[PDB]
Every structure is written in C-alpha cells, then in structure tokens.
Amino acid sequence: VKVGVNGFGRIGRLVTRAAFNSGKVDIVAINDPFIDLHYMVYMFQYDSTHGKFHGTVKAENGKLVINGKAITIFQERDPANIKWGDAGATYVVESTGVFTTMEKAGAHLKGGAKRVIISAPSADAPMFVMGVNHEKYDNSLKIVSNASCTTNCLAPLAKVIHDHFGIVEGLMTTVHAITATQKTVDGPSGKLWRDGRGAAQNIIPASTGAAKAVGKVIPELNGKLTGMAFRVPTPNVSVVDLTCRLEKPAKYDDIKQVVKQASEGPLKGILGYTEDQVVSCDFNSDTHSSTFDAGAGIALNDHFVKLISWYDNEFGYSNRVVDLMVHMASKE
C-alpha cells in the first residue's frame, strides 16, 4: 500500500524509519510548511535519541531520495490544498497534533486520499489498539484513530488480568518523559498552568484521559478505571504503575505464569516479560508496546496488588502505526 505523511515531527520521522525497516508499507509523499527540502535531509540523517540512520540520504531534482526511492514534497498550512491523489497516496498519516476531530481531519479526502489515520486520541473518531480490538475494524470506515502511547501500554495488560482473575476496581499513575509541548524555562502555556514551568528543573503533576479510554476499547471495564501523571527530566522512555483489586484470589507466582504464557502465544511481539534488574535506558529503541517487570511489583494480600510495565513512547508507538495500516489493507 502507498502512503503519505502530514507533520514531519518526532512521530512523523520515526514512522518513516520503521516503514523502510519493514517493507510492507511504501512512503511516497510528505507535507510540512516549516521544514524546507534541504533541512529535511539533516533532520532525518541525525538523531539525538536513536542515532544516525544506517543507509543513504540526498536531494536530487527537487525530491527527497532515501535508499534510492524518490519522494514528493509539499509546503501547505491548509490540508485541503494538498494534492495527495496526483502523487499516488492512498492512505494518509495525520501527525501534527492540530487536526484530531472528524470534521478537521476530513479535509484530506478532498485532496484525493482514500482513508486517514490520526496518531492520537479523538473526541469522535473510532479508536483501535492492536492485540485487543483490531478485529472489529471494518471497510465502511474512512477515518480512524490509533489512541495514545499510554493507552497502548495499559490495555493489553488489563485484558489478560481481567480474563483470568477479574478486576473489580483500579487506579493508575504514569511517570513520563519529556515532550515538545513543554518549556525550557518558566513561561506561558495557555489554560494549563503547571505545564509551562521549567522542564529540566521540576517534577510536574498533570492530567490524563488514558485510563477512562480503556473503557471504550474494552466495554466490560467502562467506569471501573481512572488515573493521573507526573512529568520528570529524562528525554525518552516511560513507566506504568497500576494498583487494583481482584475478584478471584491469586498468589503472586500465579500472576507471573499467566503473563509469561500470553507473551509466548497470542501476544508475541506486543507484550514482553522479564526477571532481570533493568532500568529506563535498557528499553531505548525497543519495539514492544508493554513489558512486565516481575521483580519490581508487590502484593499486600491475595486480592490486592501493584503491577509495573515499561514502554518506549516514541519508537514502540511508531511501529504499531505501521502494523495497523497493514491489517487495514488486507481487508480491502
């Protein structure tokens, strides 16, 4: 399938890296009004977090050429003015953070594209998570969402645990790395005041919808989960801390067995498992959605427990975008 990209940021660029890594998806066009053709070369070649690109990159005849495949470049602010059709782009990835409703994202179809994928949650487009509800996707749907990074970590874990023991109620905290909507020194952040204070200096509390959204993707758990977040001064990689009460009694060692079996069968590639003494930098550029840390958790008794799971928020999420589009294309 042939693909386009709107917004060449952290997610936009890493999705592009992943597609050339696989060879199931082919990238044929890119739009970003604030990055010119020569500046694109530089930003794709060099990366502070994940390292130099292994391959070749240059500019020839007004196009971007990676490993020898030529790509068409555009520079528009309004999405209705982009000529996707002429270039041959059948699916579009929307990753600017500015167009997350159905009305707004709809503008792409006007330029001659078939379907659109939003790289964030949505107030009204239907949400999917690979491993959990992806089989509910249908070819009547022209606009869809891949949810948030945090929701892709929490959802696979809660499904296994709910199926085998049963969840009565629960509360979540995430300790999360820094992103591009934060600030270097104290400053203006609009309506959300704590989010504008110095990012290199502070621990910062913040809101999250990620836990209530599990209830859309798993109906049975609707109304039984919620949570919050802290932002801390590391540049990539994050962690989930889930505290919950169970229906059926369960020793800690029984919980471990069930999680390892799922990682070796149906959820291979998505949910991992480990007993080593790891820390955050050990998961930099890891491709899983969720990895269970067996040593770091604890139980008060047979009905009340605390569980711990790690995730690369940039590079894990990027690879789930590509997987989603492949599934979709097999149902055309």
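One rule holds for the numbers: they count along the sequence shown, beginning at 1.
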Mean Cα B-factor check, 297 to 305 vs 284 to 292, entry values; winner is 297 to 305
Looking at the deposited entry, does 63 to 71 or 48 to 56 carry the larger mean Cα B-factor?
63 to 71
Determine which member of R194, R231, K183, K110 has the highest CA B-factor, using the values in the deposited entry.
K110
Options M43, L271, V28, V278 - largest CA temperature factor per the record
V28
Of the three thirds of the chain ranked by Cα temperature factor, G88 occupies the highest
Of the three thirds of Cα B-factor ranks in this chain, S122 occupies the middle
Chain third (lowest, middle, highest) by recorded CA B-factor, residue given as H176:
lowest
Here the Cα B-factor of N21, set against its chain, lands in the third termed highest
By the entry's values, the third containing the CA B factor of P235 is the lowest
